[PDB]
Structures are given as C-alpha cells and as structure tokens.
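Since the structure comes first, as structure tokens, the remarks are kept for the end.
In the entry's author numbering, the protein residues as written are 962 to 1126, 1136 to 1213.
Structure below.
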C-alpha cells in the first residue's frame, strides 16, 4: 500500500499512510515489518536489495508536512489582508510570511471566504493533477504560516505552510468492550469527501459515493485536528483522525 512519487532530489517519497515495509528472504518468509510515515525519504526503491544495518527511510515528525504533487508557480486565491490572514514578521530570523488567521480570530467578512493556494504553470493556467481532472487547488487551515511568497516557483515536496502540532483493568475493559477516549474516526463508506455547514454547533462532513448513497453525512467537531482531504477519495478502511 505505497503511493509514492519521485522528489526533486531523485529519491522516492511515499504519500500513503498505510504503507508497510517487509524484509523478505529468498525463501518468501517475511521476517521484519516496519511502517513508513507520510513524507518519508526512501534511500532505496521497491524490489531492490540492501544489507544489514542499512538505513532505508527517513522522515520529519517534528512538524506536519503539507506538500504539492505538481511542480510550478503558486498563486494565492481568496487571500485578503486583514480579513482572512495577518502580516507577522519575526524579529530575529527574518524568514516569515503571511499567517492564515483562524475563523474565530479573523473578522466577520472573511468568515465565509476560504483562503487557498493554487498551482499554475508559466502560462497561468491551472495545472491539472496527473491522473485526475481537478485543478491543483489546496485550501489552508487556520494558523498556517505560508513559507514562500506569491509568485515563487516550487517543486514536489516543498512545504506550503507550517502549523503547530496494561494490567488487570486493561483486560477487564477489553472484555467489557468499552469505547476508548479519542475514538478514531473512520469512513463508513467509500467515495469522495466534502465540507458542509460551518459553526452550526459543530462542523459537518459529507461523503459522496461514486454510485452509492449521496445524502449521507456525519457531524464532526471542528475543535479536534482532523486529517481528511476533501480533494482526495477516501475508502471505508481509512483513518480520518488518528487514535
């Protein structure tokens, strides 16, 4: 379950959360199984051969990575200063740009407007993502600090922005079938995912199947950091919020 692409450095970076790495001898028996996180850097490719004590993956879990599949110019859409974003500059480092204000922090005018960044070519046309027809458009959540200013070319794997991050009773709970704290959110059915009403008590989400039950929707609180992608299809065996 690997969904990888070749970065600008020539290495292979996996964009699938459910990727498993197996060390299988010539006899066909799997001996070691590891998990490769999203955005990791693979020194070697699938099907190759490595020796013992050799690093094969490297990732950065300190800050969540947000990257663009395509490479090209970035243009800011629905970016109005003082209504949806703020101008904050570091006093010491000097490497900072506009920061995406949260809905509860911005003004009333920018509440109904969703800021986003779109990827275009040298001609200004929206570069269609390979394999799909949708334009290369990506929304930015709250507390997002865009790293590169408008009109600067990027490459695959470039960060768009940075946001901040047993015993007997255990057996008794397992045999009593008690729901844990922070229940992991999973998709009930497969299909595309989209947003709905905002700040109506709690946020809502809509799952539109390809040929299934469209009107299904699920209420999800907006205070919990979700990890869904409305621009990507999600299967029923997918993790929406980790836990």
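Ideal placement from N, C-alpha and C gives every residue a C-beta, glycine not left out.
Terminal residues of the beta strand (DSSP E) in which residue i lies
i, result
"residue 1138", "Where residue 1138 is concerned, there is no enclosing beta strand (DSSP E), although the alpha helix (DSSP H) it sits in stretches over 1138-1146."
"residue 1210", "1209-1211"
"residue 999", "Neither: residue 999 is in no beta strand (DSSP E) and is coded neither H nor E."
"residue 973", "973-975"
"residue 1187", "1187-1189"
"residue 1038", "1034-1038"
"residue 1174", "1174-1178"
Contact under 8 angstroms by Cβ, residue i with residue j
i, j, result
"residue 1063", "residue 1103", "yes"
"residue 1081", "residue 1036", "yes"
"residue 1076", "residue 1060", "no"
"residue 976", "residue 962", "no"
"residue 1033", "residue 1095", "no"
"residue 1119", "residue 1029", "yes"
"residue 1210", "residue 1147", "no"
"residue 994", "residue 1003", "no"
"residue 1024", "residue 1174", "no"
Whole-angstrom distance between residue j and residue i, CA atom to CA atom
i, j, result
"residue 1192", "residue 1199", "14 angstroms"
"residue 1010", "residue 969", "23 angstroms"
"residue 1185", "residue 1165", "13 angstroms"
"residue 984", "residue 1101", "38 angstroms"
"residue 1153", "residue 1213", "6 angstroms"
"residue 1169", "residue 1087", "31 angstroms"
"residue 1019", "residue 1008", "18 angstroms"
"residue 1092", "residue 1055", "39 angstroms"
"residue 1179", "residue 1015", "43 angstroms"
"residue 1204", "residue 1017", "28 angstroms"
"residue 1070", "residue 1125", "25 angstroms"
"residue 1187", "residue 1196", "16 angstroms"
"residue 1005", "residue 1066", "45 angstroms"
"residue 1072", "residue 1151", "31 angstroms"
Coil, strand or helix - residue i by DSSP
i, result
"residue 965", "strand"
"residue 1021", "coil"
"residue 1071", "coil"
"residue 988", "coil"
"residue 1096", "strand"
"residue 1122", "strand"
Residue i: CB within 7 angstroms of a non-hydrogen atom of the ligand GTP
i, result
"residue 1178", "By its list of ligands, the structure shown contains no ligand whatsoever, and the ligand GTP lies outside what it can speak to."
Pair every Cβ in the region 1111-1119 with every Cβ in the region 1042-1053, then say whether three or more of these pairs are closer than 8 angstroms. no
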